[PDB]
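The structure appears below as structure tokens.
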Ligand SMILES: CCc1cc(C[C@H](NC(C)=O)C(=O)NCCCCC(=O)N[C@@H](CCSC)C(=O)O)ccc1N(C(=O)C(=O)O)c1ccccc1C(=O)O
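In the entry's author numbering, the protein residues as written are 2 to 283.
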């Protein structure tokens, strides 16, 4: 019972302690491609890189690098691509990946500007009549529609491969209410957001893996993927109380570093899964 476990950590206020045990037990793999000089400008943070073993490769002979990792959850039979918030110069790479990986959805858990500074580039068109064109990767992006809601917005975008003239519909699931500091009051809205994404079919096998990102693409994006997988696991196995989130988080960290950056985020994941269980259970 993770909830019982939850109350014990809270009781003895040992979340920071536990979070640290995870950091120490977390995997450590090479990130040689990421650190090459030629890729300096393709990374937003010096300390956040994709392990080579699980990095996403752009289908181009020039430079195939993009700071993004493929998180494969074998048992849950669910895959996610976690990536940093595109930079002014990597937006075309970002959409090239989406096209190449055949992703159906894009999950954004942050705002272009937070705490008075840029946390991500404006990589999608804001107005229908103002489409964007990424010359380097020869892609055209068009805002088709947008549904603004209280805690999040869903956008319908059309991505076209100018080379082939082929087009695809892409769903942009953007969570707009994540606090500047800390984590959400209650997981309620976050969980509904997650369900909306599931409902769209973006997380389903008939599509490439979903692309999730925040700023570094590890903290909040971690929270999102960890909760989804956990809820899914409880949905598969016979003993839903046999799902150990710390174990699942470590499994994910074999694919990308620092998923879940703080004790607050870790605590929040518990709330999300726990609160989410009383519902997804039936
Ligand atoms: C925009 C916020 C943010 C920045 C960075 C980059 C950062 N800084 C630099 C370059 O100044 C950073 O915090 N780096 C610390 C290291 C992160 C990687 C990690 O855990 N590495 C391992 C080492 C590698 S693996 C074995 C480690 O234990 O240190 C990483 C994560 C986050 N970040 C994120 O959620 C995110 O965007 O991923 C947050 C972190 C803490 C609290 C809140 C948030 C939030 O978004 O609300």
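Note that beta-carbon positions come from the ideal geometry of N, C-alpha and C, so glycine has one too.
Cross-strand partners of residue i (DSSP beta bridge)
i	result
residue 148	155
residue 255	In DSSP, residue 255 forms no bridge with anything.
residue 114	119
residue 80	73
residue 56	70
residue 62	According to DSSP, which records beta bridges pairwise, residue 62 is partnered with nothing at all.
residue 140	135 and 162
Residue i: first and last residue of the uninterrupted beta strand (DSSP E) it sits in
i	result
residue 195	Where residue 195 is concerned, there is no enclosing beta strand (DSSP E), although the alpha helix (DSSP H) it sits in stretches over 189 to 201.
residue 107	106 to 109
residue 244	Taken as a continuous stretch (DSSP letters only), residue 244 belongs to no beta strand (DSSP E), as it is neither H nor E.
residue 99	Premise fails: residue 99 lies in the alpha helix (DSSP H), 92 to 101, not in any beta strand (DSSP E).
residue 172	167 to 176
residue 281	Counting along the chain, residue 281 falls outside any beta strand (DSSP E), though it belongs to the alpha helix (DSSP H) covering 264 to 281.
residue 211	211 to 214
Opening and closing residue of the alpha helix (DSSP H) in which residue i lies
i	result
residue 3	3 to 12
residue 224	221 to 237
residue 24	16 to 26
residue 182	From DSSP, residue 182 is part of no alpha helix (DSSP H); its letter is neither H nor E.
residue 34	33 to 36
Rounded straight-line distance, which links the Cα of residue j to that of residue i
i	j	result
residue 194	residue 222	13 Å
residue 170	residue 213	17 Å
residue 240	residue 253	21 Å
residue 97	residue 11	44 Å
residue 271	residue 2	11 Å
residue 232	residue 188	14 Å
residue 154	residue 211	17 Å
residue 8	residue 136	53 Å
residue 36	residue 50	8 Å
residue 46	residue 127	26 Å
residue 91	residue 13	45 Å
residue 109	residue 259	18 Å
residue 1	residue 69	With the chain covering only 2 through 283, there is no way to say anything about residue 1.
residue 176	residue 67	23 Å
residue 168	residue 162	6 Å
residue 180	residue 186	9 Å
residue 40	residue 94	12 Å
residue 191	residue 184	10 Å
residue 227	residue 247	10 Å
Inset, instruction - Would you be able to state if there are at least three C-beta pairs under 8 Å between the stretch 92 to 102 and the stretch 59 to 66? - result: Contact between the stretch 59 to 66 and the stretch 92 to 102 is present, because at least three Cβ pairs lie under 8 Å.
Legend entry - Cβ pair count under 8 Å reaching 3, the stretch 122 to 139 against the stretch 198 to 206: Segments in contact, no.
Inset, instruction - Count the C-beta pairs between the stretch 15 to 35 and the stretch 276 to 283 that are closer than 8 Å, then say yes if the count reaches three, no if not. - result: Contact between the stretch 15 to 35 and the stretch 276 to 283 is absent, with fewer than three C-beta pairs closer than 8 Å.
Inset, instruction - Indicate whether the contact test is met: 3 or more Cβ pairs, each with one atom in the stretch 108 to 116 and one in the stretch 255 to 268, closer than 8 Å. - result: Too few Cβ pairs lie closer than 8 Å, so no.
Legend entry - contact_flag[the stretch 134 to 143, the stretch 152 to 166] where n(CB pairs < 8 Å) is 3 or more: Contact between the stretch 134 to 143 and the stretch 152 to 166 is present, because at least three Cβ pairs lie under 8 Å.
Inset, instruction - Would you check if there are 3 or more beta carbon pairs closer than 8 Å linking the stretch 118 to 127 to the stretch 75 to 89? - result: Contact holds: three or more Cβ-Cβ distances are below 8 Å.
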